[PDB]
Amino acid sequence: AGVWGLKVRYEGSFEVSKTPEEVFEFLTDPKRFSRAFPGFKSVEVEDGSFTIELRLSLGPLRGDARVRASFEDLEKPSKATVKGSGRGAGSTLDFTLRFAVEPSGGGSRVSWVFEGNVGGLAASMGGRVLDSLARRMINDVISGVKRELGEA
(Lines of atoms letter the chains of each structure in order from A and count residues from 1; the text may use other names and numbers.)
(Lines give C-alpha, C1' and ligand atoms only; values in the text may rest on other atoms or scores of the structure.)
Protein backbone atom coordinates (compact mmCIF):
# COMPACT_ATOMS: atom_id res chain seq x y z
CA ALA A 1 0.00 0.00 0.00
CA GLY A 2 0.87 3.71 -0.53
CA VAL A 3 -1.40 6.71 0.24
CA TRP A 4 -1.23 10.51 0.66
CA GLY A 5 -2.98 13.79 1.59
CA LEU A 6 -1.97 17.45 2.02
CA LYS A 7 -1.50 19.58 5.11
CA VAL A 8 -1.63 23.33 4.70
CA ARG A 9 -1.02 26.42 6.83
CA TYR A 10 -1.50 30.05 5.81
CA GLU A 11 -1.13 33.12 8.00
CA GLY A 12 -1.38 36.83 7.40
CA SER A 13 -2.97 40.08 8.32
CA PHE A 14 -4.70 43.00 6.62
CA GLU A 15 -6.06 46.39 7.62
CA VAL A 16 -9.44 48.03 7.33
CA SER A 17 -10.75 51.49 8.18
CA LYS A 18 -13.62 50.22 10.29
CA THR A 19 -13.61 49.98 14.08
CA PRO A 20 -12.81 46.65 15.69
CA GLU A 21 -16.46 46.37 16.85
CA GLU A 22 -17.78 46.85 13.27
CA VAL A 23 -15.22 44.43 11.84
CA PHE A 24 -15.80 41.75 14.47
CA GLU A 25 -19.57 41.96 13.96
CA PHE A 26 -19.15 41.46 10.19
CA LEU A 27 -16.67 38.56 10.53
CA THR A 28 -19.00 36.78 12.95
CA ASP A 29 -22.20 37.22 10.87
CA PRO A 30 -22.23 34.45 8.19
CA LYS A 31 -25.12 36.07 6.28
CA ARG A 32 -22.88 39.13 5.80
CA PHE A 33 -19.42 37.57 5.39
CA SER A 34 -20.57 34.81 3.03
CA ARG A 35 -20.98 37.54 0.38
CA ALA A 36 -17.21 38.16 0.52
CA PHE A 37 -16.63 34.75 -1.09
CA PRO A 38 -16.20 34.57 -4.73
CA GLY A 39 -18.87 32.45 -6.37
CA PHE A 40 -21.20 32.74 -3.37
CA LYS A 41 -24.45 30.80 -3.98
CA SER A 42 -26.20 30.46 -0.58
CA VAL A 43 -25.75 30.41 3.19
CA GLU A 44 -27.61 28.70 6.06
CA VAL A 45 -27.04 29.93 9.68
CA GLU A 46 -28.19 28.56 13.11
CA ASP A 47 -26.82 28.10 16.65
CA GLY A 48 -23.38 29.63 15.76
CA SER A 49 -22.90 27.21 12.86
CA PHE A 50 -23.30 27.83 9.18
CA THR A 51 -23.01 26.24 5.74
CA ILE A 52 -21.94 28.18 2.63
CA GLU A 53 -22.47 26.91 -0.88
CA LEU A 54 -20.03 28.26 -3.47
CA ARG A 55 -19.18 27.89 -7.15
CA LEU A 56 -15.46 27.33 -7.39
CA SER A 57 -13.55 28.81 -10.38
CA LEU A 58 -10.12 27.92 -9.05
CA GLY A 59 -9.93 25.84 -11.25
CA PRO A 60 -8.50 22.87 -12.25
CA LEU A 61 -10.72 22.91 -9.19
CA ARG A 62 -14.15 23.93 -10.37
CA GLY A 63 -17.84 23.37 -9.71
CA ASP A 64 -20.10 23.41 -6.67
CA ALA A 65 -18.61 23.16 -3.19
CA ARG A 66 -20.03 23.31 0.35
CA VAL A 67 -18.31 24.53 3.54
CA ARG A 68 -19.88 23.58 6.88
CA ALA A 69 -18.41 25.28 9.95
CA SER A 70 -18.93 26.35 13.57
CA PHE A 71 -17.58 29.14 15.68
CA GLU A 72 -15.68 27.94 18.70
CA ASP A 73 -13.73 30.83 20.35
CA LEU A 74 -15.76 34.05 20.07
CA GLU A 75 -14.60 36.95 22.19
CA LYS A 76 -16.02 40.30 21.10
CA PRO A 77 -14.47 42.37 19.62
CA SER A 78 -11.08 40.70 19.45
CA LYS A 79 -10.86 36.94 18.68
CA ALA A 80 -12.66 34.03 17.04
CA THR A 81 -12.06 30.49 15.89
CA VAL A 82 -13.97 28.64 13.19
CA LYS A 83 -13.75 24.87 12.67
CA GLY A 84 -15.26 23.12 9.71
CA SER A 85 -14.97 21.09 6.54
CA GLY A 86 -15.28 21.76 2.84
CA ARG A 87 -16.31 19.40 0.06
CA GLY A 88 -16.38 19.65 -3.69
CA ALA A 89 -17.14 17.02 -6.35
CA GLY A 90 -13.99 15.06 -5.48
CA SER A 91 -12.00 16.82 -2.76
CA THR A 92 -12.22 17.30 1.01
CA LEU A 93 -10.94 19.99 3.33
CA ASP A 94 -10.97 19.97 7.11
CA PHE A 95 -9.81 23.21 8.63
CA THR A 96 -9.40 25.52 11.55
CA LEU A 97 -9.40 29.31 11.05
CA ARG A 98 -8.34 31.60 13.95
CA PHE A 99 -8.56 35.37 13.68
CA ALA A 100 -7.89 38.41 15.85
CA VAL A 101 -9.10 41.98 15.40
CA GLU A 102 -7.01 44.76 17.12
CA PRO A 103 -7.31 48.63 17.12
CA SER A 104 -4.88 50.07 14.54
CA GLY A 105 -4.90 53.89 14.41
CA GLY A 106 -8.68 53.95 15.04
CA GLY A 107 -8.87 51.44 12.18
CA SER A 108 -8.53 47.62 12.63
CA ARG A 109 -5.93 45.01 11.83
CA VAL A 110 -7.30 41.56 11.24
CA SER A 111 -4.69 38.84 11.85
CA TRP A 112 -5.45 35.22 10.87
CA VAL A 113 -4.09 31.64 10.64
CA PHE A 114 -5.69 28.91 8.55
CA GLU A 115 -4.69 25.28 8.99
CA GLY A 116 -6.11 22.44 7.01
CA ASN A 117 -5.92 18.87 5.71
CA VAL A 118 -6.87 18.26 2.06
CA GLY A 119 -7.85 14.85 0.70
CA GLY A 120 -9.29 13.37 -2.45
CA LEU A 121 -8.73 14.65 -5.99
CA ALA A 122 -6.85 17.79 -4.87
CA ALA A 123 -4.25 15.85 -2.80
CA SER A 124 -2.45 14.99 -6.08
CA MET A 125 -1.99 18.54 -7.37
CA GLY A 126 1.13 19.40 -5.37
CA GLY A 127 1.91 22.50 -3.40
CA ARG A 128 2.99 24.87 -6.15
CA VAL A 129 -0.37 24.59 -7.92
CA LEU A 130 -2.38 24.47 -4.74
CA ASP A 131 -0.60 27.54 -3.37
CA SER A 132 -1.52 29.45 -6.56
CA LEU A 133 -5.17 28.47 -6.09
CA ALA A 134 -5.26 29.05 -2.32
CA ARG A 135 -3.73 32.52 -2.75
CA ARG A 136 -6.47 33.36 -5.28
CA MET A 137 -9.13 32.32 -2.80
CA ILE A 138 -7.53 34.22 0.06
CA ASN A 139 -7.09 37.41 -2.02
CA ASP A 140 -10.65 37.18 -3.34
CA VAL A 141 -12.07 36.76 0.18
CA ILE A 142 -10.07 39.57 1.65
CA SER A 143 -11.03 41.87 -1.27
CA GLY A 144 -14.63 40.76 -0.67
CA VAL A 145 -14.37 41.62 3.00
CA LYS A 146 -13.05 45.11 2.17
CA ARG A 147 -15.81 45.55 -0.43
CA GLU A 148 -18.66 44.44 1.88
CA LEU A 149 -17.33 46.72 4.65
CA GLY A 150 -17.34 49.66 2.18
CA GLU A 151 -13.63 50.32 2.11
CA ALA A 152 -11.50 52.23 -0.37
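Counting begins at 1, following the sequence as shown.
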Avg C-alpha B-factor, entry values, 29-37 vs 55-63, higher side is 55-63
Stretch with higher mean Cα temperature factor, 86-94 vs 108-116, is 86-94
Split the chain's modelled residues into thirds by Cα B-factor; residue 45 lands in the lowest
Assert third(CA B-factor, residue 152) within chain per record equals highest
Binned into thirds over the chain's modelled residues, the C-alpha B-factor of residue 1 lands in the highest
